[PDB]
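Step one of this worksheet: look at the structure below.
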Amino acid sequence: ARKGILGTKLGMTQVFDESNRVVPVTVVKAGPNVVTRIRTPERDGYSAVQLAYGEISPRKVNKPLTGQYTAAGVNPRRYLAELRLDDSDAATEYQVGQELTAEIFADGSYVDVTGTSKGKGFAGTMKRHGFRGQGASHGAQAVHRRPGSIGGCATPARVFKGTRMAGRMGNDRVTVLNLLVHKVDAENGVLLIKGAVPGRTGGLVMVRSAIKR
Amino acid sequence: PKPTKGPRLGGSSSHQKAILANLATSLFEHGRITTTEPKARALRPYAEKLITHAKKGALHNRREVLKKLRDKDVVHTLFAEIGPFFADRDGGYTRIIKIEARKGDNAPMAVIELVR
Amino acid sequence: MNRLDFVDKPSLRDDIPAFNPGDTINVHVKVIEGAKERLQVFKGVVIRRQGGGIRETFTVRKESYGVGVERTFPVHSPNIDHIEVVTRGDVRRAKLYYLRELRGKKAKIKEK
Amino acid sequence: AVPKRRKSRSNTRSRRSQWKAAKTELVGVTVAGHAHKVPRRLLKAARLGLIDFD
Amino acid sequence: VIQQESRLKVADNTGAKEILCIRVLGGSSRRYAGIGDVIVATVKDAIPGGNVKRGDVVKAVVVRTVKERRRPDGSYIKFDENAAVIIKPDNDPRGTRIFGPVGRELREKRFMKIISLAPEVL
RNA sequence: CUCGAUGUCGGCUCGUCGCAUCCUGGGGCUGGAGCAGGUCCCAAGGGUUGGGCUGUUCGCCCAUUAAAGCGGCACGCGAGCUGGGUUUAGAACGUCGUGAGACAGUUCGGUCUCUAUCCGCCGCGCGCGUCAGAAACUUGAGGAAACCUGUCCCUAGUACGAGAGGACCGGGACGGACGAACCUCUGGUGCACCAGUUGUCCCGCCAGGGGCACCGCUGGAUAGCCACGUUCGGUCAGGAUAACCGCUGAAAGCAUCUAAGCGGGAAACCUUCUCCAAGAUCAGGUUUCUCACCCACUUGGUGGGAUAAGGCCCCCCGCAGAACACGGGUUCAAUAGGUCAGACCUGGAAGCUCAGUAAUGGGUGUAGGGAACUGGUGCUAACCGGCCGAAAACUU
RNA sequence: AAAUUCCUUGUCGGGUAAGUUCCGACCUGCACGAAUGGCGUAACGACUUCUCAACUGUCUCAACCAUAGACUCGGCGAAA
RNA sequence: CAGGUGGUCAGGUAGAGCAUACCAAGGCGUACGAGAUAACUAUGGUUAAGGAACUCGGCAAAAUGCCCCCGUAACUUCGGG
Ligand SMILES: [Mg+2]
Ligand SMILES: [Mg+2]
Ligand SMILES: [Mg+2]
Ligand SMILES: [Mg+2]
Ligand SMILES: [Mg+2]
Ligand SMILES: [Mg+2]
Ligand SMILES: [Mg+2]
Ligand SMILES: [Mg+2]
Ligand SMILES: [Mg+2]
Ligand SMILES: [Mg+2]
Ligand SMILES: [Mg+2]
Ligand SMILES: [Mg+2]
Ligand SMILES: [Mg+2]
Ligand SMILES: [Mg+2]
Ligand SMILES: [Mg+2]
Ligand SMILES: [Mg+2]
Ligand SMILES: [Mg+2]
Ligand SMILES: [Mg+2]
Ligand SMILES: [Mg+2]
Ligand SMILES: [Mg+2]
Ligand SMILES: [Mg+2]
Ligand SMILES: [Mg+2]
Ligand SMILES: [Mg+2]
Ligand SMILES: [Mg+2]
Ligand SMILES: [Mg+2]
Ligand SMILES: [Mg+2]
Ligand SMILES: [Mg+2]
Ligand SMILES: [Mg+2]
Ligand SMILES: [Mg+2]
Ligand SMILES: [Mg+2]
Ligand SMILES: [Mg+2]
Ligand SMILES: [Mg+2]
Ligand SMILES: [Mg+2]
Ligand SMILES: [Mg+2]
Ligand SMILES: [Mg+2]
Ligand SMILES: [Mg+2]
Ligand SMILES: [Mg+2]
Ligand SMILES: [Mg+2]
Ligand SMILES: [Mg+2]
Ligand SMILES: [Mg+2]
Ligand SMILES: [Mg+2]
Ligand SMILES: [Mg+2]
Ligand SMILES: [Mg+2]
Ligand SMILES: [Mg+2]
Ligand SMILES: [Mg+2]
Ligand SMILES: [Mg+2]
Ligand SMILES: [Mg+2]
Ligand SMILES: [Mg+2]
Ligand SMILES: [Mg+2]
Ligand SMILES: [Mg+2]
Ligand SMILES: [Mg+2]
Ligand SMILES: [Mg+2]
Ligand SMILES: [Mg+2]
Ligand SMILES: [Mg+2]
Ligand SMILES: [Mg+2]
Ligand SMILES: [Mg+2]
Ligand SMILES: [Mg+2]
Ligand SMILES: [Mg+2]
Ligand SMILES: [Mg+2]
Ligand SMILES: [Mg+2]
Ligand SMILES: [Mg+2]
Ligand SMILES: [Mg+2]
Ligand SMILES: [Mg+2]
C-alpha cells in the first residue's frame with residue numbers, strides 16, 4: 001500500500017501554521033497522472049505500476065514510443081516511470097487508464113521524495129568530499145587545496161580502490177526521507193512539502209509515501 | 001543586459017566596455033561590421049538597447065546614449081535616421097550572418113548589420 | 001508576478017501600515033510567558049526592508065539600557081498583533097546600517 | 001617525471017591514430033547559376049555573396 | 001556565537017568586568033555557544049575590592065550574543081555586545097542584580113532567577 | 001639486498017588494517033545489599049575533544065567528555081607540503097689539545113629540483129560485442145556508502161537498606177558531534193546594477209556626463225554559487241551465531257546443555273533502508289515501431305548501392321558542461337535575444353519652475369535607472385540539408 | 001642553573017585557567033673570573049628571546065569574484 | 001633575452017617634492033592568436049561571529065599613516081629617550 005505520484009518542483013516559499021511557527025515548504029506540482037501499464041508477477045516477474053506525466057506535443061514523440069501508449073488508450077505524455085510495489089496483491093486498485101491526482105496524500109502524512117541532484121561540475125576534493133587542505137601560510141608551497149597523500153609506501157605499492165579524489169559531482173539520484181506534508185491543494189494540484197526537495201526548479205520528482213514513517 | 005558568463009572580451013572587464021562602444025559606433029556609421037563571432041553575439045543585445053533610446057527620442061534618452069558613445073556624429077545619425085526608420089518594428093533591429101573563418105588563428109567570423 | 005503567488009495569496013495580511021526606513025515604529029508582539037499570552041511593545045527605528053511578499057522582513061533597532069537591540073520580524077507574521085506608525089523619517093539611504101556605530105545625539109533621525 | 005621506457009610500436013600507433021581531423025558536412029548552393037559546396041552553417045552567407053568561392 | 005578565547009562582557013555586580021571562554025559545556029567538541037549556554041570562563045579584569053579576583057575559573061551563562069538567533073517564529077534578535085552572567089552550580093547568579101537586557105531563550109533553559117532580576121527580557 | 005644515491009625525527013594532509021577493547025553492546029564469578037566497582041570471557045560496527053610548556057616523540061598540566069585505547073603499514077605518507085631538531089661551510093661560551101683543530105656539550109644563522117611514459121586510482125568519452133535495425137520502461141547476480149552517543153522527566157524517592165544513599169527492566173521529551181540535499185529565512189560574495197564622493201583630463205563652454213587612478217574609494221545590492229542558514233538521516237521488524245544460559249537424554253540403573261534431537265542469545269554476520277549495476281560474454285525480462293528494395297560477380301552466412309523505423313552532424317541555447325557526453329528547441333516555434341508589463345535592488349533622474357546673496361533646499365514624481373526571476377508578444381537568428389542506418393541456415 | 005649547569009623540566013617566588021621557554025633569586029660553579037678582560041651602562045639594532053594593547057582568513061572553517069596559465073580550436077614545435 | 005649601461009634637457013594641474021595620480025610636446029600598443037563561468041596553481045579583492053585559539057615562531061596579511069594645535073613617563077653620558 002505504498003502510494004506514489006510523479007511531479008515537478010516549483011520552488012520554495014514559507015508558510016505559517018496554527019502554532020504561529022514558520023515552516024519552509026517546497027512547492028511540488030503533483031500533477032495528474034495515468035497508469036499505461038501494470039507489471040504483474042506471472043508475466044513480468046515483479047509487481048509495479050507505470051505512471052505517465054507531463055504535457056507534450058504529439059509530434060515530438062517517435063513511433064516506437066507512441067505505440068506503447070496506443071496499447072493503453074492514453075495520449076502521449078513526456079515522462080514515464082515505475083512505482084515499485086510489494087511482492088503480493090499487485091493491482092487490485094490500479095487499472096489501466098486510471099487518473100491519479102494529488103489528493104492521495106493526506107495532511108500531516110509523511111513522504112519520501114526522490115529526484116536528481118543539481119550538478120556541480122568537475123569538483124575538487126575540498127568540495128566533493130570535504131577535505132581540509134594544507135595551510136594558507138607558514139611556508140605552504142602551492143598546496144593550499146591539494147589532497148595530500150593518497151597511499152602508503154612500498155607496502156602496499158598501490159592506491160587502494162575507493163580512494164576519495166576529484167571528479168564530477170551532482171546529477172545523482174538522491175532520495176530525501178520523511179518529509180512532512182503541510183498542505184495538499186486539490187484545487188491547484190500542489191503539495192506543500194516541508195523542507196528541501198532535490199533538483200533544479202522544474203525537474204522531475206517522484207513523491208512516494210514513507211516506509212520508515 | 002545579460003552579463004558575460006565566463007571570461008570577458010579583450011582580457012579585462014574595462015576593455016569590454018570600450019570594445020562594445022567602439023563596435024556600436026562603427027555599426028551605426030556604416031551599417032555592416034565584419035568581426036569575430038563571440039563579439040557579434042555580445043554586440044546584439046547591447047546595440048539594440050541604444051536603438052530603443054532612439055525610438056523614444058527625448059532629451060533624457062540622448063543623455064543616456066552619450067554615457068556610452070563618445071562620437072557625437074554617430075549619435076546624430078542614430079536619432080535622425082536610425083531611430084525613425086525602426087519606428088514600427090517591435091524589437092529585433094539587428095541580424096547576424098556567419099562568414100568563413102579567417103586564416104592565421106581560425107577565429108570564427110560573422111557580420112552584424114541593421115535589418116533593412 | 002512570480003510562479004508561487006497563488007500559494008502566498010491566502011497567507012497575506014491586509015491592514016499593515018505603510019512605513020519606510022527611518023520611521024519610528026511600535027511593534028506589538030505576541031509573547032507566551034508560560035500560558036499567559038501577553039503583548040509586548042517594541043519601539044524603535046525601522047532600519048531595513050528586504051522585500052518579496054510573504055518572505056518580506058523588517059528590522060527595528062532600539063537602545064534598551066545602554067545596550068542596542070535589533071529585532072528582525074517578518075511582515076505578514078501572525079505573532080505581530082498590529083503595527084502603529086509613530087514618527088515619519090527623512091533619510092537618504094535604504095538600509096541605514098550606519099546607525100550600528102553611533103550612540104546618543106548622533107543617532108537622531110530627522111522629523112519629516 | 002620522465003618516461004621510464006620507450007613505448008613500443010603498438011602503443012605509439014594506437015595513440016597517434018586518435019589524433020585526426022574531423023571532416024565537416026557539405027550542402028548544396030546554387031548562386032549565380034554555379035553550383036558549389038559549403039557547410040550548412042555558412043548557407044546564409046552563400047546566398048548573400050559573402051562567401052568567396054576562390 | 002562564542003567559542004574558546006572569546007572575551008565576553010560581564011552583566012552583573014560580582015566584580016568581574018570581562019571573562020574569557022574556556023569550554024562550551026553540553027557535549028564533546030561543542031563549538032558555538034548561543035544565548036543561554038553555559039561557559040566555563042576565567043576572569044581577565046576585575047573591579048578593585050570585588051568579590052571575584054583576576055584569574056578565577058567560574059561558570060557563566062551567555063545572555064547576549066551579537067550573532068543573530070532564529071527564534072521558532074521567524075524572528076531574530078541581535079545585540080551590540082556579548083554578555084554573560086556568572087552563576088552558582090544550581091543556575092542562580094552569584095551577584096544580586098543584572099545589568100542590561102537579556103534574551104528570552106533563557107526561559108526555556110530553566111534560568112528562572114536571571115529573568116526575574118533582569119531589567120528587560122526580550 | 002642497496003655506495004655508477006633506498007633523502008633521515010616531529011608536524012600538516014589523506015588514509016587503510018590487526019585486536020592484546022578506551023567508550024557504547026552481550027555475559028560468568030565476586031569478600032556482588034543498592035548505587036558504583038574488582039576480575040575474566042565474547043565482541044572491531046561507529047566514535048575516541050580543544051588548549052599551556054617543549055623542535056619534539058614521550059610526558060606533566062588546564063577545562064571537558066559517554067570515552068579521551070594500544071599498535072602495523074620504509075618507526076605509512078618530502079616526484080604531496082613544511083624544515084623547528086639531527087647532519088656541511090660562518091661565529092661564540094665551557095672543556096680538551098703546545099698547535100692546526102675536536103666534543104650523543106650548549107647557543108645564533110643556514111638554496112627542499114622535476115612538463116607523469118607504464119601499473120594503480122578518481123571521473124568522462126569513442127569503437128565493437130550482446131545472431132535483424134531501432135526506441136522506452138526495467139528485474140538484480142554482485143558491489144558501494146552509512147552504522148556514534150549524551151542529559152532530563154515518568155516508572156519511583158518504589159525495590160534495596162540501620163541510615164546516608166539509591167535502581168534493573170519498560171515509556172517519553174530535548175540536545176552534542178557527523179553526513180547528505182537545498183537557498184524560503186539569516187548571513188557571505190557581487191568586475192556590463194543603483195547612488196554619494198576625491199584628484200585629473202576630455203566631451204567647445206554652463207548644465208549634464210564619461211576615461212583613468214586596486215571594481216579609485218565609500219554605502220547598498222536581486223540572480224547564481226555558498227554556510228554561519230534551513231530541512232532530513234543513521235529507525236523499526238526478521239534470519240543465522242559468539243560468550244553465556246537451557247530443556248529432553250544415554251554410553252555410565254545415578255548424574256551430565258550432547259554423542260541422536262530442540263531452544264534462548266549482542267552495536268559483530270545476513271536480510272531490511274539509500275545508491276551503482278546485464279562488458280552479469282550465462283551479455284537477461286516484459287512491450288512497441290520498421291517489418292522493405294536494386295545491381296554485379298568466381299552464385300558465396302559474397303560484395304556494393306539505395307532506403308523504412310530511427311539516430312547523429314550542423315543551427316538556437318541551458319542552473320548540463322574541461323573537450324566530449326547529457327537535457328530542452330528548430331516556424332504546427334515562446335529556445336536564446338529584443339520588446340512590453342510585473343517582481344526585485346537602488347532611493348527621489350534630466351529638463352523646467354519656485355525659495356535663498358550663495359552653497360543647497362521644495363514641487364512636478366513611490367521619480368529615474370537596472371542584469372539573471374515570472375508571464376505576454378511571431379520582431380531577429382533556429383536555413384531552401386547533408387551523413388549514417390533492417391535478417392543465410394540447420395537438428396530434435 | 002648563565003650564549004658557560006651534565007644530572008635537569010634543580011628548588012623557591014612572579015606572570016598564564018594551564019609556562020621544559022621568559023624575568024627575579026638561592027649556590028650543590030660536571031667545566032665562570034679580571035685587557036683571549038670582569039661587572040655595569042643612557043642612546044642605537046632588517047640581531048637573538050619573552051609578555052601586552054591594537055588589528056587581522058594565520059586559525060575554528062571555509063565561501064565567492066576578476067585576471068595569468070591549466071582546458072578547447074588553428075599555426076609553429078622542443079626536452080631530460 | 002623581464003638583467004646590466006656614464007652624462008645633458010625635463011611642460012601642465014593638485015602636492016613639501018626629480019614622490020604619487022591624471023595629462024602636454026612627442027612617442028607607443030613590443031611580433032603567436034581566437035575562445036571557454038572545470039579541478040588545481042598563480043597575482044589581486046571582499047568577508048558573518050570569534051580575534052593568535054594557527055604555528056617552531058604573529059611567517060604572511062591586517063593595522064598605524066598627512067598638516068595644524070594641546071600634551072608627554074621610568075631612566076641619562078643632560079645631547080637625548
Ligand atoms: Mg556549473
Ligand atoms: Mg583552511
Ligand atoms: Mg614553486
Ligand atoms: Mg601560495
Ligand atoms: Mg557572474
Ligand atoms: Mg587568452
Ligand atoms: Mg577601472
Ligand atoms: Mg524593497
Ligand atoms: Mg641507478
Ligand atoms: Mg562484569
Ligand atoms: Mg577478544
Ligand atoms: Mg577503530
Ligand atoms: Mg552491519
Ligand atoms: Mg601565549
Ligand atoms: Mg594508525
Ligand atoms: Mg616514516
Ligand atoms: Mg606512526
Ligand atoms: Mg616528513
Ligand atoms: Mg615518496
Ligand atoms: Mg689551552
Ligand atoms: Mg657530532
Ligand atoms: Mg640550528
Ligand atoms: Mg626563496
Ligand atoms: Mg544484492
Ligand atoms: Mg554538500
Ligand atoms: Mg531567492
Ligand atoms: Mg542574506
Ligand atoms: Mg552603469
Ligand atoms: Mg561642470
Ligand atoms: Mg585618458
Ligand atoms: Mg542571494
Ligand atoms: Mg537481533
Ligand atoms: Mg536502478
Ligand atoms: Mg564482475
Ligand atoms: Mg539487453
Ligand atoms: Mg540535441
Ligand atoms: Mg523590466
Ligand atoms: Mg528634489
Ligand atoms: Mg534667486
Ligand atoms: Mg630551569
Ligand atoms: Mg634567571
Ligand atoms: Mg692578570
Ligand atoms: Mg688574560
Ligand atoms: Mg668584551
Ligand atoms: Mg647597522
Ligand atoms: Mg594546439
Ligand atoms: Mg632587453
Ligand atoms: Mg648604475
Ligand atoms: Mg612635475
Ligand atoms: Mg613618476
Ligand atoms: Mg596615463
Ligand atoms: Mg620582445
Ligand atoms: Mg578560472
Ligand atoms: Mg572576518
Ligand atoms: Mg566584524
Ligand atoms: Mg579585540
Ligand atoms: Mg595576543
Ligand atoms: Mg590546524
Ligand atoms: Mg597547536
Ligand atoms: Mg599557541
Ligand atoms: Mg611581518
Ligand atoms: Mg599592507
Ligand atoms: Mg627604552
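Side chains included, hydrogens not; waters and symmetry mates left out as well; all remaining heavy atoms used. First the proteins, then the strands, lettered A, B, ... as listed; each starts at 1.
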Anti/syn call for [N], syn if |chi| within 90°:
| N | result |
| --- | --- |
| G:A35 | anti |
| H:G7 | anti |
| F:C191 | anti |

Rounded to the nearest angstrom, tell me the gap between atom [atom1] in [X] and atom [atom2] in [N].
| X | N | atom1 | atom2 | result |
| --- | --- | --- | --- | --- |
| A:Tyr46 | F:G140 | OH | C1' | 12 Å |
| A:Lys60 | F:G327 | NZ | P | 15 Å |
| B:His60 | F:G209 | NE2 | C1' | 12 Å |

If a pair has to be Watson-Crick or G-U wobble with both distances under 3.5 Å, does that hold for F:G246 and F:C262?
yes

Taking F:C174 first: does it form a Watson-Crick or wobble pair with F:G150, both atom distances below 3.5 Å?
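F:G150/F:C174: base pair present.
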
Compare the ring of A:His138 with the six-membered ring in the base of G:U58 and state whether they stack (centres under 5.5 Å, planes under 30°).
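Here A:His138 fails the 5.5 Å or the 30° condition.
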
Between F:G10 and F:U87, how far apart are the two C1' atoms, rounded to whole Å?
16 Å

Quick one: label D:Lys4 by what it contacts on the DNA or RNA (base, sugar-phosphate, nothing), any heavy atom closer than 4.0 Å.
base

Wobble G-U and Watson-Crick pairs count when both distances are under 3.5 Å; given that, what is the 5' to 3' dot-bracket string of RNA chain H, with | for pairing to other strands?
..........((.(.....).))........||||....||.|||||.||..|....|................(....).

Give a yes or no on whether a donor-acceptor pair under 3.5 Å exists between the nucleobase atoms of [N], that is its base, and the side chain of [X].
| X | N | result |
| --- | --- | --- |
| C:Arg3 | F:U374 | no |
| A:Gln68 | F:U287 | yes |
| A:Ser137 | H:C59 | yes |
| D:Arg40 | F:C314 | yes |

Any residue meeting ring pair (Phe, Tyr, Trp, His ring centres under 6.0 Å) with B:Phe86, in chain and number order, not counting sequence neighbours
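Listed in chain order: B:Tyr93.
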
C:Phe19 and C:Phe58: CA distance, side-chain angles, deciding distance, ring-ring contact (aromatic ring centres under 6.0 Å, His included) verdict
CA-CA 10 Å; C:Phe19 57 93; C:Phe58 69 98; 5.2 Å; yes

Return the 5'-most residue of the pair C:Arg92, B:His15 with respect to RNA chain F, ranking by each residue's nearest nucleotide.
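Mapping each residue to its closest nucleotide by heavy atoms, the 5'-most match is B:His15.
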
Most 5' of E:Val57 and D:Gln18 on RNA chain F, judged by nearest nucleotide:
E:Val57

Using purine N1 to pyrimidine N3 plus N6-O4 or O6-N4 for Watson-Crick, or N1-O2 and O6-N3 for G-U wobble, both under 3.5 Å, which nucleotide pairs with F:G38?
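Check on F:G38: paired to F:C29, both distances under 3.5 Å.
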
How do A:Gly135 and E:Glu5 order along RNA chain G: which one's closest nucleotide is nearer the 5' end?
E:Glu5

More than 12 foreign heavy atoms under 6.0 Å from CZ of A:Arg21: is that the case here?
no

Starting at the 5' end of nucleotides 60-75 of chain G, put B wherever the base has a protein heavy atom under 4.0 Å, S where only the sugar-phosphate does, and a dash everywhere else.
BBSS--SSS----SB-

Check against salt bridge (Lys or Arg N to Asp or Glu O under 4.0 Å), E:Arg30 and E:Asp37:
CA-CA 11 Å; E:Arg30 187 174 180 180; E:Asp37 289 330; 3.3 Å; yes

